[PDB]
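Both backbone and side-chain heavy atoms feed into the values below; hydrogens, waters and symmetry mates do not. Chain naming here is simple, since letters A, B, ... match the order of the sequence lines and numbering starts at 1 in each.
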Amino acid sequence: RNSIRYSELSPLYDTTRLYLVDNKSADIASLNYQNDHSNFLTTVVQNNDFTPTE
Amino acid sequence: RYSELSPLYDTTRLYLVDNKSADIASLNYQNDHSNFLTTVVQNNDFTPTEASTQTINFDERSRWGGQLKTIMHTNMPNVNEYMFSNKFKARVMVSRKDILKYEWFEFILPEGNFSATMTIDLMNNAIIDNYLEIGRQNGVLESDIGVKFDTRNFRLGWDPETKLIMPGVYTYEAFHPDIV
Amino acid sequence: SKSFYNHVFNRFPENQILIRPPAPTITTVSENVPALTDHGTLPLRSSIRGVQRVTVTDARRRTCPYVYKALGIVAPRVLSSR
Amino acid sequence: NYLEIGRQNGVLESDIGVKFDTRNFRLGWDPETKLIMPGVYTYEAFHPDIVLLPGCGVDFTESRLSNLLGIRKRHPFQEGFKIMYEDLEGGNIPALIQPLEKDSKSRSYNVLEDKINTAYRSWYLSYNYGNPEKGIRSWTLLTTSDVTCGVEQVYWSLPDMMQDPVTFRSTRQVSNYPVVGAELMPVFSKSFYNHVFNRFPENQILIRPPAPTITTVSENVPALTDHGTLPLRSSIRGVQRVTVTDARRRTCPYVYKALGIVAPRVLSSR
């Protein structure tokens, strides 16, 4: 009986989606300099408060 | 679960700040620092208008209290109209002949931050400006003014036999403000 | 108040009654000093809206135009059950 | 500015048009002759003031020097702060049984028709003697001079040690770290009791202003603050980041010493 909650946040259950996309703007510059579309790296974190390295 | 998120327990902080950039433009156009609106939501994904409908919820199975600390700063001058330190009333002589006539007036000082001696000079100056606008042109002399603010102890050099101030001048030392 | 140790304002130099008063050897002037205050703990509402009103008034319940900085900080905690 | 432009294009040293003063003009004014009888304005300091000629003005939209002058707006959240000659109605400085029309070195005092008032206007005269409901007094306010120019708050951040307070987002951008405490930037005013800066000694309008009997200077005082108890992360890394930012969330280059001391303790179970 001691929790503190903010109305814009809520936890997740039972199912969701993960996206694997080959043309994110930040991933192009810092991850895939020597790669091509047949073998590449991508970030599944969709939060722009962080760089792909972070 | 996502590793950058975690829930909160037992205590936190809420900030009430008067100079947020977005709140200035859209909330407080007709307000001042004595009575204003502010947002306690510190998340810039939303405008203050959008934030107004959001809430922060403390668990309803407990009763909560809040410890409050404040910081305040002012710039008030000591002689001003809002605090009634600007004016006073007095009764002076308006006409000589001998028949003498008197009347009440209200006197006004200009605003500023002054020492006590400088304030007393301004009160004397207000009396005299009344004697130059009325008075003087109606036959009163500069020996019947009738209201003065002083600081001296008259009768200091008094003599018990002759009952006069022997030096011929009153002692020119300040003791306490006085009305003559 | 602060203490220190030390002609339109003299129109009747000759007159012993109307001479300009002597100045005190102690002079006082008024100062504004920032105030930091702890007000203790007060009961809090269970649901807090995102926009809040802050007000400062005098003894006659007028707002004061000479305030130019005011901040508040609140620290919630549990007082009792239910 | 008048020596680099201006002077070489025909302007005289009697049409400058902007001056900052401290005097109360019209002190020795006479209600019958309507002139300053002593022949010189009273040389005493009352409050900082702005004196203007027609066509001139000052603008404090991007400046904090209006706080040092003690002139503020009654609606401080409305953007823009400009004071022009047309806004100072009723504040004309009385001239000089005839007014003096020129100075010792033959400089015009800009006396007008009716031979009582001068073209110069001042904020202080308009505030105190002008129309209460139409002059400058209706939307400006007179305050004590603040030598620090107005101090604001500072914020502390410890992103690797404390949990984020409610509604703050986790991030690695410096201008958006969650805030763990607040206080005033520790600069304060102190009071005391008491020629390139005088280029027109003869001119009664352009003379160097008298100095106040009260002088104020700003000081830096070390600040020792207790911020209370905040929730702590269960695992603490060996290297920690410490940040101090201002109200606009910029770092402050004038901090040269900052220390923190933390005392952990148990708050609740599980």
Mark yes or no for whether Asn78(B), through its side chain, and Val29(C), through its backbone, hold a donor-acceptor pair below 3.5 Å.
-> no
With sequence neighbours left out, write down each residue that passes salt bridge (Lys or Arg N to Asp or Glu O under 4.0 Å) with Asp164(D), or none if nothing qualifies.
-> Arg233(D)
Pair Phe77(D) + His33(B): ring centers closer than 6.0 Å = yes
Between the main-chain N or O of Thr70(B) and the side-chain N or O of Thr37(C), is there a donor-acceptor pair closer than 3.5 Å?
-> no
Which residues pass the ring-ring contact (aromatic ring centres under 6.0 Å, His included) test with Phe168(D), sequence neighbours left out?
-> none
Counting N and O atoms only, with roles assigned by atom type, does the side chain of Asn35(B) sit under 3.5 Å from a partner on the main chain of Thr55(C), one being a donor and the other an acceptor?
-> no
Heavy-atom distance under 4.5 Å between the side chains of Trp64(B) and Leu79(C), does that happen here?
-> no
Please confirm whether the backbone N or O of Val166(D) pairs with a side-chain atom of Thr12(B), one donor and one acceptor, at under 3.5 Å?
-> yes
Excluding sequence neighbours, so at least two apart, what forms side chain to side chain contact (heavy atoms under 4.5 Å, CB included) with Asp146(D)?
-> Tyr68(C), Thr148(D)
Taking side chain to side chain contact (heavy atoms under 4.5 Å, CB included) as the test, write out the residues that go with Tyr2(B), two or more places apart.
-> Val45(A), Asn47(A), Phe50(A), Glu4(B), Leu5(B)
Looking at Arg5(A) and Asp59(B), does any basic side-chain N land under 4.0 Å from a carboxylate oxygen?
-> yes
Apply side-chain contact (heavy atoms from CB on, under 4.5 Å) to the pair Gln42(B) and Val17(B), showing each step before the final yes or no.
-> CA-CA 11 Å; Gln42(B) 314 293 335; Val17(B) 170; over 6 Å; no
Heavy-atom distance under 4.5 Å between the side chains of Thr229(D) and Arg77(C), does that happen here?
-> no
Between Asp18(B) (side chain) and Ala70(C) (backbone), is there a donor-acceptor pair under 3.5 Å?
-> yes
Listed partners of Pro7(B) passing side chain to side chain contact (heavy atoms under 4.5 Å, CB included), at least two apart = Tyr9(B)
Kindly say whether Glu111(B) contributes a backbone atom to a donor-acceptor pair with the side chain of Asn128(D) at under 3.5 angstrom?
-> yes
Expected output: side-chain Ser30(A) to main-chain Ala26(A) donor-acceptor under 3.5 Å | yes
May I ask you to decide if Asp160(D)'s main-chain N or O and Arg237(D)'s side chain share a donor-acceptor pair within less than 3.5 Å?
-> no
Scan for salt bridge (charged side-chain N to carboxylate O under 4.0 Å, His left out) pairs involving residues 218-230 of chain D, sequence neighbours excluded, and state none if there are none.
-> none
Would you mind telling me which of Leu65(D), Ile50(D), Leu69(D) makes a side-chain contact (heavy atoms from CB on, under 4.5 Å) with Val58(D)?
-> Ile50(D)
Counting distance only, does the side-chain N/O of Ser66(D) pair as donor-acceptor with the main-chain N or O of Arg72(D) below 3.5 Å?
-> no
Between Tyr124(D) and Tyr129(D), is the gap from one ring center to the other below 6.0 Å?
-> no
Start with the C-alpha gap between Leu230(D) and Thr11(B), add the side-chain angles, then the distance that decides, and say whether side-chain contact (heavy atoms from CB on, under 4.5 Å) holds.
-> CA-CA 7 Å; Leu230(D) 304 120; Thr11(B) 188; 6.0 Å; no
Backbone N or O of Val51(C) within a donor-acceptor pair of the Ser52(B) side chain at under 3.5 Å?
-> no
Above 12 or not: heavy atoms from other molecules or residues under 6.0 Å from CE of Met72(B)?
-> no
